[PDB]
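Structure, as structure tokens:
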Amino acid sequence: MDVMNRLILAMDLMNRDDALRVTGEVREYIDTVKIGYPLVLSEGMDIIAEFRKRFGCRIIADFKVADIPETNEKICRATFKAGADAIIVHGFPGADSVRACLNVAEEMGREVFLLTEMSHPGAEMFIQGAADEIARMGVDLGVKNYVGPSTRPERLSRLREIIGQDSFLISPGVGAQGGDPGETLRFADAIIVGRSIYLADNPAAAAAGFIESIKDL
Amino acid sequence: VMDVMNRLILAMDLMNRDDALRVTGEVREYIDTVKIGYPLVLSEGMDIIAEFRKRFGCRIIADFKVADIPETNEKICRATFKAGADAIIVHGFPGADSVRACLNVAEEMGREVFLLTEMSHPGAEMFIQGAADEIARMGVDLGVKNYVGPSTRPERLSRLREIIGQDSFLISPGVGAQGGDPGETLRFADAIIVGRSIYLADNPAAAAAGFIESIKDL
Ligand SMILES: O=c1cc(O)n([C@@H]2O[C@H](COP(=O)(O)O)[C@@H](O)[C@H]2O)c(=O)[nH]1
Ligand SMILES: O=c1cc(O)n([C@@H]2O[C@H](COP(=O)(O)O)[C@@H](O)[C@H]2O)c(=O)[nH]1
């Protein structure tokens, strides 16, 4: 995957008008938008096709898929039907649940991103202790795309070590949650940025600023 | 606790509105509580919750296995309750802050959180099972009153019931298609969740009636 400016917009605004306006304002800086449940549950899955019609951007569906294999398959099918190019899947529910997603992705053209360790404080309770093993499971399953935490660069670096330089790694927690853009890009291929752009007084200036920060990367 | 008719919750995972509405209507004399998840919601929109309420008397549990950071969890819960869900199911594995975010929204909006502890599928043994007793204990500490645990592992469901206490409410999937037994599961769970064994049946009403006959003494 080739992400313009190594910057993925996390579009978690919850109304269509604002979400479309803000995305339009920063469109020159990106070609990849992560759309999650806050927007989809507020405005419907039709929002994905609309983003493609308006912006001709890549769409990552951040649905943190975390069900049994049978249900995971249905979720992936519905999601790719809506025009998502990729979907984010939790590793914690185990290999069969990940494989179900990989199967559908193969069938419909698309990519699976495996979420290993999460960026928020609560990730330390259960996820962190499992995260290296989750990454190894991804490697065993042939997963090529991964998500790991900007807020813990040593954990992100370890994730990169496990999956190797050939795998693709994106990383949230930049800005609002405390992660640094430049440091994150030592290890990740792209950074995910939500609030620091979409809640900014001037989202365009915010996006430009991030790119300035990582300009020599 | 919610008064689940016949201790039986329909897992409505059909992916088109017409079939989902048909099947739910056919079993409505037997079931007043319907679990709606992402297969249906991502196919037909959140307004499907409204359509179910309009057509049927039914309580709606949104099985969204919420598993994000606290800030995103709050948004998901808000959107879900705005749409009319009585309750939402949240994963415990992302930790206490993520669960608390959901509880806080549920409290403000006058709705309920169900905490998913251990899962019913084989993959659950890899990571979830080893954390599940602690996830459940965490739920109790956080004041969670409603839980989900696996019919496919009676020993684990029994332990989960111990941890949460007799006063907590416990619902359990994996009955039928995944191999769990209705009666055995009701030793520990307040209600069983049944999907495919009802919604793929030639006569879903007959299938529901059959489940109820098998648990009539309970
Ligand atoms: O470990 C993780 C995985 C996520 O996808 N995300 C998500 O990435 C985004 C972060 O946005 P923000 O920059 O506003 O903190 C959100 O959409 C959120 O759900 C996260 O913050 N940490
Ligand atoms: O541990 C779990 C938690 C779930 O919510 N569920 C879910 O409960 C249902 C099971 O349906 P079924 O009876 O067809 O196997 C599905 O909606 C599924 O996603 C599960 O099977 N095991």
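In listed order, ligands and their atoms are each counted from 1. In what follows, chains carry the letters A, B, and so on, assigned in the order in which the sequence lines appear, proteins first and then strands, with residues in each chain numbered from 1. We use all heavy atoms of the structure for the numbers below, so side chains are in, but hydrogens, waters and symmetry mates are not.
- Between B:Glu44 and B:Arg17, at least one side-chain nitrogen of the basic residue sits less than 4.0 Å from a carboxylate oxygen of the acidic one, meeting the salt-bridge criterion.
- A salt bridge is defined here as a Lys NZ or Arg NE, NH1 or NH2 lying under 4.0 Å from an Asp or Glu carboxylate O, and A:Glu73 with A:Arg77 meets this definition.
- Residues A:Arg195 and B:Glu71 are paired through a salt bridge, judged by an N-O separation under 4.0 Å between the basic side chain and the carboxylate.
- A:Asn72 contributes a side-chain N or O that, together with a main-chain N or O of A:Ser97, makes up a donor-acceptor pair within less than 3.5 Å.
- Taking 4.0 Å as the cut-off between side-chain N and carboxylate O, A:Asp18 and A:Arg21 count as a salt-bridged pair.
- Set against the non-hydrogen atoms of B:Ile69, the atoms of ligand 1 under 4.0 Å away are 20 (C), 21 (O), 22 (N).
- The heavy atom nearest to atom 4 (C) of ligand 2, considering only B:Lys65, B:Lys35, B:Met119, is found in B:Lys65.
- Of all protein heavy atoms, the one lying nearest to atom 21 (O) of ligand 1 is A:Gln177 NE2, 2.7 Å.
- Of all the atoms in ligand 2, the ones that sit under 4.0 Å from a non-hydrogen atom of B:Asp63 are 5 (O).
- When only non-hydrogen protein atoms are considered, atom 17 (O) of ligand 1 lies nearest to A:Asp12 OD2, 2.5 Å.
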Requested in this report: Check the pair A:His90, A:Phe92 against ring-ring contact (aromatic ring centres under 6.0 Å, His included), reporting the backbone distance first and the verdict last.
Outcome: CA-CA 6 Å; A:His90 264 294; A:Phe92 206 86; 8.0 Å; no

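- Protein heavy atom nearest atom 13 (O) of ligand 1, with residue, atom name and distance: A:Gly194 N, 2.8 Å.
- Summary of contacts: the protein heavy atom closest to atom 22 (N) of ligand 1 is A:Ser119 OG, 2.7 Å.
- At least one heavy atom of B:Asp68 lies less than 4.0 angstrom from ligand 1.
- Closest heavy-atom approach to atom 2 (C) of ligand 2 among the candidates B:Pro173, B:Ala124, B:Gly37: B:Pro173.
- Between the side chain of A:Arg58 and the main chain of A:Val33, no donor-acceptor pair closer than 3.5 Å is present.
- Closest to atom 18 (C) of ligand 2 among all protein heavy atoms lies A:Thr71 OG1, 3.5 Å.
- The closest non-hydrogen atom to atom 12 (P) of ligand 1, taken over A:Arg152, A:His120, A:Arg195, comes from A:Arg195.
- Between B:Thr152 and B:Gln178, the side chains place no donor N or O within less than 3.5 Å of an acceptor N or O (distance only, hydrogens not considered).
- Contacts of B:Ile89 with ligand 2, taken as heavy-atom pairs under 4.0 Å, are absent altogether.
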